[PDB]
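The block underneath contains the structure these notes are about, expressed in structure tokens.
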Amino acid sequence: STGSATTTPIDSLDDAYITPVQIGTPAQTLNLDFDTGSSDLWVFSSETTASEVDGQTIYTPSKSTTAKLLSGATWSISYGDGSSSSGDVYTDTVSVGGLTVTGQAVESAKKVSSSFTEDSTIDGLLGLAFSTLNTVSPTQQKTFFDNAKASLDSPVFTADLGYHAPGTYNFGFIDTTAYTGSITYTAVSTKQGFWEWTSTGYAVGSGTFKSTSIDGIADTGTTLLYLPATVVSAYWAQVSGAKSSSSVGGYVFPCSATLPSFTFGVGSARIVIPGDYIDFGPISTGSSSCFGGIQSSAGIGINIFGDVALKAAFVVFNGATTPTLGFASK
């Protein structure tokens with residue numbers, strides 16, 4: 001089997017991407033944030049505290065003939081940005097882009113933090129990291145990809161995120177028309193439950209490539225590119241007036257700037273992030289200070305190849321017995 005679904009930016013900055021997902025019978029379509037940095041499929045629901053719902057579409061298990069309470073199971077998750085959610089669990093039928101999983105754990109939110117409430121466009125998350133990170137207790141549950149895997153033509157999914165445009169998540173096949181040149185594959189460590197890999201270096205603009213190992217995670221659920229302070233300082237030093245602002249929470253730059261590209265290494269291959277992808281616009285409405293799309297990972301504890309990096313590539317998440325990651329230009 002295969003699936004193919006379009007993913008759409010939630011706003012003009014590509015802060016996140018939503019993908020329609022069919023849950024239950026008859027189908028209830030929710031727009032979920034596909035997140036390769038976590039492993040829970042959770043939704044706003046009829047059980048979510050009413051004051052914490054503001055415009056989201058909810059899953060109502062009582063209206064699904066295929067929903068079953070997973071008795072005794074609860075979940076609770078906290079994300080890198082400080083947001084969180086928690087609740088109980090149903091199993092139900094879940095379909096993405098024509099690919100159907102029966103008996104998928106659908107984690108129903110009883111509580112969500114402010115960031116989720118305030119984002120009316122995201123109806124929940126669909127985790128695509130390794131199932132070892134799944135938070136369901138006392139019986140850990142599998143991700144949608146893990147459940148689908150054996151039925152897929154090939155045990156892979158691909159992320160093809162757009163810059164200020166829709167893109168695609170495919171399951172079970174590699175669309176050879178969606179990228180240019182060849183795909184370069186690189187080793188993955190699953191030790192921390194992430195799609196963790198080691199970049200071979202970087203360049204700033206038209207500068208020379210610096211060969212250096214940068215361990216980090218491919219994370220579709222993180223907006224920005226978070227890299228070591230050394231690398232990030234080297235990037236922003238090429239932008240007149242750029243500075244790190246503790247008051248704002250990272251590097252800012254004059255909105256009048258033309259940003260240089262940033263290149264990262266995948267083996268002997270190179271992925272170029274155009275300068276425009278690194279512009280996250282005014283820090284507040286009407287400001288002439290703009291927020292940078294490359295930020296320091298210092299104090300996160302991990303480097304994160306978030307959407308800024310991933311949207312510059314066609315990315316293969318190969319979930320074969322020995323998983324790997326592939327990157328192609330596009």
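Identifiers in this document derive from the order of the structure tokens: chains are assigned A, B, ..., residues are numbered from 1 separately in each chain, and ligands are numbered from 1 in order of occurrence.
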
May I have the residues within 9 Å of residue 244 (chain A) as a VMD selection string, using only C-alpha atoms and disregarding those fewer than 6 positions away in the same chain? chain A and resid 233 236 250 to 253

Within 10 Å of region 312-323 of chain A using only C-alpha atoms, minus same-chain residues under 5 positions, as a compact mmCIF listing (two decimals) with N, CA, C and O atoms, in the first residue's frame:
```txt
# COMPACT_ATOMS: atom_id res chain seq x y z
N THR A 36 8.10 14.70 12.93
CA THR A 36 9.13 13.66 12.98
C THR A 36 10.02 13.73 14.24
O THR A 36 10.89 12.89 14.42
N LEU A 128 5.93 11.05 14.10
CA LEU A 128 6.61 10.17 13.15
C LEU A 128 8.05 9.88 13.55
O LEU A 128 8.83 9.38 12.74
N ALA A 129 8.41 10.16 14.81
CA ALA A 129 9.68 9.68 15.37
C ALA A 129 9.49 8.21 15.77
O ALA A 129 8.50 7.59 15.42
N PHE A 130 10.45 7.65 16.48
CA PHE A 130 10.39 6.22 16.78
C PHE A 130 9.45 5.95 17.95
O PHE A 130 9.32 6.78 18.85
N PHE A 145 3.11 5.43 11.37
CA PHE A 145 4.08 4.85 10.43
C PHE A 145 4.47 3.43 10.86
O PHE A 145 4.53 2.53 10.04
N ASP A 146 4.74 3.24 12.14
CA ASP A 146 5.10 1.93 12.65
C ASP A 146 3.98 0.92 12.38
O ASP A 146 4.25 -0.19 11.92
N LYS A 149 3.75 0.16 8.52
CA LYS A 149 5.00 -0.22 7.87
C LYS A 149 4.94 -1.52 7.08
O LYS A 149 5.39 -1.59 5.93
N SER A 154 7.16 -0.09 0.45
CA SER A 154 8.53 0.09 0.92
C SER A 154 8.42 0.79 2.28
O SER A 154 7.54 1.64 2.44
N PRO A 155 9.26 0.42 3.26
CA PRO A 155 9.08 0.92 4.63
C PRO A 155 9.65 2.33 4.83
O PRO A 155 10.60 2.54 5.60
N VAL A 156 9.06 3.29 4.12
CA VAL A 156 9.59 4.64 4.06
C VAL A 156 8.45 5.63 4.11
O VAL A 156 7.31 5.33 3.74
N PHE A 157 8.76 6.85 4.54
CA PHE A 157 7.91 7.99 4.23
C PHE A 157 8.82 9.13 3.81
O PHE A 157 10.02 9.13 4.12
N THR A 158 8.27 10.09 3.08
CA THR A 158 9.05 11.22 2.60
C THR A 158 8.35 12.52 2.96
O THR A 158 7.12 12.62 2.97
N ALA A 159 9.17 13.53 3.26
CA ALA A 159 8.72 14.88 3.52
C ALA A 159 9.25 15.81 2.45
O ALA A 159 10.46 15.91 2.23
N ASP A 160 8.32 16.51 1.81
CA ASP A 160 8.63 17.45 0.76
C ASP A 160 7.89 18.74 1.09
O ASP A 160 6.81 19.00 0.55
N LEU A 161 8.46 19.52 2.01
CA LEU A 161 7.81 20.72 2.51
C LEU A 161 8.06 21.88 1.56
O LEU A 161 9.15 22.02 1.01
N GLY A 162 7.05 22.72 1.39
CA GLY A 162 7.15 23.88 0.54
C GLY A 162 7.61 25.13 1.25
O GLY A 162 7.37 25.30 2.43
N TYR A 163 8.27 26.00 0.52
CA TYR A 163 8.54 27.36 0.98
C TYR A 163 7.37 28.25 0.58
O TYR A 163 7.13 28.49 -0.61
N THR A 168 4.17 17.87 0.24
CA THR A 168 3.65 16.51 0.24
C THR A 168 4.33 15.61 1.28
O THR A 168 5.56 15.64 1.41
N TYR A 169 3.52 14.80 1.97
CA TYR A 169 4.00 13.62 2.70
C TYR A 169 3.56 12.39 1.94
O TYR A 169 2.37 12.20 1.75
N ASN A 170 4.52 11.55 1.57
CA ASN A 170 4.21 10.25 0.95
C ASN A 170 4.62 9.13 1.88
O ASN A 170 5.61 9.23 2.59
N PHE A 171 3.84 8.05 1.85
CA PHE A 171 4.11 6.85 2.64
C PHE A 171 4.21 5.67 1.69
O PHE A 171 3.33 5.44 0.87
N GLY A 172 5.32 4.94 1.78
CA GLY A 172 5.46 3.68 1.09
C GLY A 172 6.14 3.70 -0.25
O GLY A 172 6.31 2.65 -0.86
N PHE A 173 6.51 4.87 -0.73
CA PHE A 173 7.16 5.01 -2.03
C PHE A 173 7.95 6.30 -2.10
O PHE A 173 7.65 7.26 -1.38
N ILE A 174 8.93 6.32 -2.99
CA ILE A 174 9.74 7.50 -3.27
C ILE A 174 9.33 8.02 -4.66
O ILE A 174 9.42 7.31 -5.66
N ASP A 175 8.84 9.25 -4.70
CA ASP A 175 8.40 9.87 -5.95
C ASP A 175 9.63 10.44 -6.65
O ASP A 175 10.14 11.50 -6.27
N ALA A 178 9.92 14.11 -7.79
CA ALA A 178 9.79 15.18 -6.80
C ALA A 178 11.12 15.80 -6.40
O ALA A 178 11.16 16.69 -5.56
N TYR A 179 12.22 15.33 -6.97
CA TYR A 179 13.53 15.86 -6.60
C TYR A 179 14.43 15.87 -7.82
O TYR A 179 14.11 15.26 -8.84
N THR A 180 15.54 16.58 -7.72
CA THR A 180 16.51 16.68 -8.80
C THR A 180 17.76 15.92 -8.37
O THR A 180 18.01 15.75 -7.17
N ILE A 183 19.55 11.05 -4.50
CA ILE A 183 19.31 11.11 -3.07
C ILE A 183 20.57 10.62 -2.37
O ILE A 183 21.07 9.55 -2.71
N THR A 184 21.07 11.38 -1.41
CA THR A 184 22.20 10.94 -0.61
C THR A 184 21.68 10.45 0.73
O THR A 184 21.07 11.22 1.50
N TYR A 185 21.98 9.20 1.04
CA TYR A 185 21.57 8.60 2.30
C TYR A 185 22.68 8.67 3.34
O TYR A 185 23.87 8.60 3.02
N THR A 186 22.26 8.80 4.59
CA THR A 186 23.17 8.97 5.70
C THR A 186 22.64 8.20 6.92
O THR A 186 21.44 8.00 7.08
N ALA A 187 23.55 7.75 7.77
CA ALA A 187 23.19 6.90 8.90
C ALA A 187 22.34 7.60 9.95
O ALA A 187 22.47 8.80 10.18
N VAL A 188 21.48 6.83 10.58
CA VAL A 188 20.62 7.31 11.65
C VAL A 188 20.92 6.56 12.94
O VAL A 188 21.11 5.35 12.93
N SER A 189 20.99 7.30 14.04
CA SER A 189 20.96 6.70 15.36
C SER A 189 19.56 6.83 15.95
O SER A 189 19.01 7.93 16.00
N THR A 190 19.00 5.72 16.41
CA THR A 190 17.70 5.75 17.06
C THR A 190 17.81 5.75 18.59
O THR A 190 16.82 5.61 19.29
N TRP A 195 15.06 10.80 14.56
CA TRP A 195 15.77 10.64 13.30
C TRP A 195 17.05 11.47 13.41
O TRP A 195 17.15 12.59 12.90
N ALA A 218 16.31 15.39 12.35
CA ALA A 218 15.41 15.86 11.31
C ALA A 218 14.02 15.96 11.93
O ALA A 218 13.41 14.93 12.25
N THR A 263 24.39 26.55 3.55
CA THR A 263 24.53 25.21 2.99
C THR A 263 24.85 24.24 4.11
O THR A 263 25.68 24.54 4.96
N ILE A 271 23.11 20.61 0.62
CA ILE A 271 21.76 21.18 0.51
C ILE A 271 21.87 22.67 0.79
O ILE A 271 22.42 23.08 1.81
N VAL A 272 21.36 23.48 -0.14
CA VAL A 272 21.44 24.94 -0.02
C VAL A 272 20.10 25.50 0.41
O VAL A 272 19.08 25.31 -0.28
N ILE A 273 20.09 26.18 1.54
CA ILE A 273 18.92 26.89 2.03
C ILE A 273 19.02 28.34 1.53
O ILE A 273 19.93 29.06 1.94
N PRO A 274 18.11 28.77 0.64
CA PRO A 274 18.18 30.15 0.18
C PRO A 274 17.99 31.14 1.32
O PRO A 274 17.28 30.85 2.28
N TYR A 277 14.58 31.86 2.92
CA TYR A 277 13.98 30.87 3.81
C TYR A 277 14.30 31.16 5.27
O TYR A 277 13.67 30.62 6.17
N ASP A 307 12.11 22.89 9.97
CA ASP A 307 11.51 23.13 8.66
C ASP A 307 12.37 24.01 7.75
O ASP A 307 12.41 23.80 6.55
N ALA A 328 17.75 14.94 -0.97
CA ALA A 328 17.98 15.36 -2.35
C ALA A 328 17.63 16.83 -2.46
O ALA A 328 16.77 17.34 -1.74
N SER A 329 18.28 17.52 -3.39
CA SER A 329 17.83 18.83 -3.80
C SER A 329 16.54 18.71 -4.61
O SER A 329 16.16 17.62 -5.06
N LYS A 330 15.85 19.84 -4.80
CA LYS A 330 14.60 19.80 -5.53
C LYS A 330 14.31 21.13 -6.17
O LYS A 330 15.10 22.06 -6.04
```

Spatial neighbours of residue 125 (chain A), max dist 8 Å, only C-alpha atoms, sep filter under 6 positions, as a ChimeraX atom specification: /A:32-35,40-43

Please provide as a PyMOL selection string all residues within 8 Å of region 111-121 of chain A, with the sequence filter that same-chain residues fewer than 3 positions apart are discarded (counting only C-alpha atoms). chain A and resi 10+18+31+48-49+52-56+83-87

Would you list the contacts of residue 300 (chain A) as a ChimeraX atom specification, taking every protein, DNA or RNA residue within 10 Å and counting only C-alpha atoms, but skipping same-chain residues closer than 4 positions in sequence? /A:80-81,226-227,296,304

Based on the selection just made, write N, CA and C atoms of those residues as a PDB file, in the first residue's frame.
```
ATOM      1  N   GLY A  80       9.651  20.605  23.124  1.00  0.00           N
ATOM      2  CA  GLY A  80      10.829  21.438  23.288  1.00  0.00           C
ATOM      3  C   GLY A  80      10.544  22.918  23.435  1.00  0.00           C
ATOM      4  N   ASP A  81       9.390  23.363  22.951  1.00  0.00           N
ATOM      5  CA  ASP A  81       9.040  24.775  23.024  1.00  0.00           C
ATOM      6  C   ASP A  81       8.281  25.101  24.311  1.00  0.00           C
ATOM      7  N   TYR A 226      18.234  24.976  14.282  1.00  0.00           N
ATOM      8  CA  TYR A 226      18.973  25.229  15.517  1.00  0.00           C
ATOM      9  C   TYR A 226      20.293  24.496  15.453  1.00  0.00           C
ATOM     10  N   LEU A 227      21.374  25.276  15.497  1.00  0.00           N
ATOM     11  CA  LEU A 227      22.727  24.753  15.298  1.00  0.00           C
ATOM     12  C   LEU A 227      23.680  25.297  16.366  1.00  0.00           C
ATOM     13  N   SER A 296      20.674  29.565  17.683  1.00  0.00           N
ATOM     14  CA  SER A 296      21.544  28.698  18.451  1.00  0.00           C
ATOM     15  C   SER A 296      20.793  27.576  19.158  1.00  0.00           C
ATOM     16  N   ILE A 304      18.844  20.870  15.827  1.00  0.00           N
ATOM     17  CA  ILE A 304      17.561  20.540  15.203  1.00  0.00           C
ATOM     18  C   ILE A 304      17.506  21.061  13.777  1.00  0.00           C
TER      19      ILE A 304
END
```

As a PyMOL selection string, please: every residue in region 184-266 of chain A that DSSP puts in strand (DSSP E). chain A and resi 184-187+196-204+210-218+225-227+243-245+250-254+262-266

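The interatomic distance for the pair CA of residue 91 (chain A) and CA of residue 70 (chain A) works out to 6.3 Å.
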
Would you list, as a PyMOL selection string, the residues of region 32-157 of chain A that end up in alpha helix (DSSP H) under DSSP run on this structure's backbone? chain A and resi 114-118+144-148

Please determine, counting only C-alpha atoms, which residue among A:102, A:230, A:289, A:46 has the shortest atom-to-atom distance to residue 245 (chain A).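 Using only C-alpha atoms, residue 245 (chain A) sits closest to A:289.
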
Just how far from CA of residue 194 (chain A) is CA of residue 142 (chain A), in Å to one decimal? 14.3 Å

With only C-alpha atoms as the basis for distance, which of A:76, A:247, A:208, A:284 is at the shortest distance from residue 110 (chain A)? A:76

Surrounding residues of residue 11 (chain A) excluding itself and chain neighbours under 6 positions, 10 Å, only C-alpha atoms, as a ChimeraX atom specification: /A:17,121,164-165

Mind checking which residues fall within 12 Å of residue 234 (chain A), counting only C-alpha atoms, ignoring those fewer than 3 positions away in the same chain, and posting them as a PyMOL selection string? chain A and resi 202-205+207-208+210+227-231+237-239+242-243+260+262+294-296

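Residue nearest residue 201 (chain A), chosen from A:177, A:151, A:220, A:264 and counting only C-alpha atoms: A:264.
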